[PDB]
Amino acid sequence: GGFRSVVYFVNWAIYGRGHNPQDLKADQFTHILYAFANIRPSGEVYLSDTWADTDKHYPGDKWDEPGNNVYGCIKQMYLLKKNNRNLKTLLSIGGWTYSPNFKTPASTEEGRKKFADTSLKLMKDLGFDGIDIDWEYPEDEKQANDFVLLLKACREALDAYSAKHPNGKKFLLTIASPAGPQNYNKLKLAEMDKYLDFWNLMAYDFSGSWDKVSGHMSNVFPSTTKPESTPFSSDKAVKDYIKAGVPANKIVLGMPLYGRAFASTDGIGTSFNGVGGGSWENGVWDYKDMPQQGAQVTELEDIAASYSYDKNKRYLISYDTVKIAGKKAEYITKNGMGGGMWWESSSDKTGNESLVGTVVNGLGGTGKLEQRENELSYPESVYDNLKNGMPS
Ligand SMILES: CC(=O)N[C@H]1[C@H](O[C@H]2[C@@H](O)[C@@H](NC(C)=O)[C@H](O[C@H]3[C@H](O)[C@H]4N=C(N(C)C)O[C@H]4[C@@H]3CO)O[C@@H]2CO)O[C@H](CO)[C@@H](O)[C@H]1O
């Protein structure tokens, strides 16, 4: 099958970022993953923002109208799917912020059963092609086994629904995973793999506020010359998953569409104090705001890493340029990996400067993307417009 092109659409982008599902270059992707869904102690998966998610009326939504109906970004993603039939959508559950509350439901059968059922309920009501868990991170051995069992719960859940609808489609189950060794070495990766459609390796956040020296935050290869500039590397993670037994073609390489900043720095590998501002939070800048005035951009192709640095303000921002995104595409093809994943859809540029554009083209263009037709039929949906495949 060809490569996957996965992006995350984040619940909250419809606010300050102004990004709605309508303005996704859908022909560029195969999988939109909508983040994030939260979990209750019970195991109950629920929607983080029913305004964004389900209720907001976009242009095109009759306010009035017969039926019990869904709107929000869920209707918009379904409309994206009706128009782009190779575009699948997955509900993504967890996130850095909600992962404190995965361990308690995951430890019991009731909790996992409840997780599986509520997740399926949500998928089949809202028109999703599957679900994606993002538990950062199972912190002990027990939590890891729990994660295999939870995965199993969800795989069994989704499959039962497909059994109930044999003329319809099979459904997806993925996870966002750790590129840091201290986290993935706790995971039972190969047992987990049995349940998953693919893995979205978060091959980023390798350097940031937490560190003492400015580093590369999503570099592919270790700097031999300057070890302190590369505390992690994509490559270590990918070949470690592969020695662990994950098929490479199931590993989708995560790439950031934002950059992490460092203040009071001479440059890469030196100490910094502070991280400055950001586009939305401190120390984090949207790639489409790069490059900032007065910074020179350095591209280190051999380890596939780049950064801007302003010599006067002594500020470093680790982020990928098109040349670097191209080197990343290169690694994906060369190593026969599952494709590219991006966090997150609003921070990218367009046209010739789209990082995603750049990767799809180095993948051989859209013609080399995995052709898997999505699911438009949701017979059991609790929403009438969605159940009826959204007419006008
Ligand atoms: C609390 C909440 O749900 N939303 C917050 C929001 O928190 C976000 C951001 O800080 C994200 N960081 C960004 C946009 O750079 C952060 O993203 C994480 C994400 O959880 C990790 N998991 C993935 N996946 C691929 C699933 O990618 C990584 C990235 C790495 O950056 O996620 C949190 C929620 O976990 O912060 C905003 C302000 O930015 C706030 O309004 C509120 O909506």
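PDB author numbering puts the first residue of the sequence shown at 36, with every later residue one more than the last. Beta carbons are placed, not taken as given, at the ideal position from N, Cα and C, and that holds for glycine.
Here DSSP, grouped into helix, strand and coil, assigns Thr-85 to helix. The three-state reading of DSSP puts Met-325 in coil, since its state is none of H, G, I, E or B. DSSP lists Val-248 as the beta-bridge partner residues of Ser-306. Comparing C-alpha distances from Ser-258 to each of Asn-420, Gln-63, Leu-335 and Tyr-81 shows the shortest one belongs to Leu-335.
For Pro-291, the secondary structure class from DSSP, reduced to helix, strand or coil, is strand.
Here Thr-300 is buried, its C-beta having at least 16 other C-beta atoms within 10 Å. In this model, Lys-384 and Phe-150 are separated by some 36 Å (Cα to Cα).
Using a cutoff of 7 Å, the CB of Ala-296 does not count as near ligand 1, since none of the ligand's heavy atoms is closer than that.
Shown here for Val-248: same chain residues with a beta carbon closer than 7 Å to its own, the five before and five after excluded, namely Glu-263, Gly-304, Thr-305 and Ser-306 in chain order.
Contact between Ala-87 and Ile-128 is absent: CB atoms are separated by about 15 Å, not below the 8 Å threshold.
For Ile-338, there is no enclosing alpha helix (DSSP H), as DSSP marks it with neither H nor E. Look at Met-237: its beta carbon is less than 7 Å from one of the heavy atoms in ligand 1.
Rounded to the nearest whole angstrom, the C-alpha separation of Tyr-113 and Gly-162 is 6 Å.
Scanning the stretch 401-425 for uninterrupted alpha helix (DSSP H) segments of 4 residues or longer gives 419-422, listed from N- to C-terminal end.
DSSP, read as helix, strand or coil, puts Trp-47 in helix. By the neighbour-count criterion, in which 16 or more other beta carbons inside 10 Å mark a residue as buried, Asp-169 falls on the buried side. Contact fails between the stretch 117-133 and the stretch 100-108, because fewer than three Cβ pairs, one in each stretch, are under 8 Å apart. In the structure shown, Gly-95 adopts coil according to DSSP, grouped into three states. Taking the Cα positions, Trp-47 is about 15 Å away from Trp-131. Shown here, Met-227 sits in a helix according to DSSP, grouped into three states.
In the displayed model, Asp-345 falls within a strand according to three-state DSSP. Per DSSP, the continuous alpha helix (DSSP H) segment holding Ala-198 begins and ends at 176-198. Approximately 5 Å separates the beta-carbon atoms of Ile-286 and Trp-234; this is inside 8 Å, confirming the contact. Taking 8 Å as the cut-off, the Cβ atoms of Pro-291 and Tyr-350 do not count as close.
Using a cutoff of 7 Å, the CB of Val-319 counts as near ligand 1, since one of the ligand's heavy atoms is closer than that.
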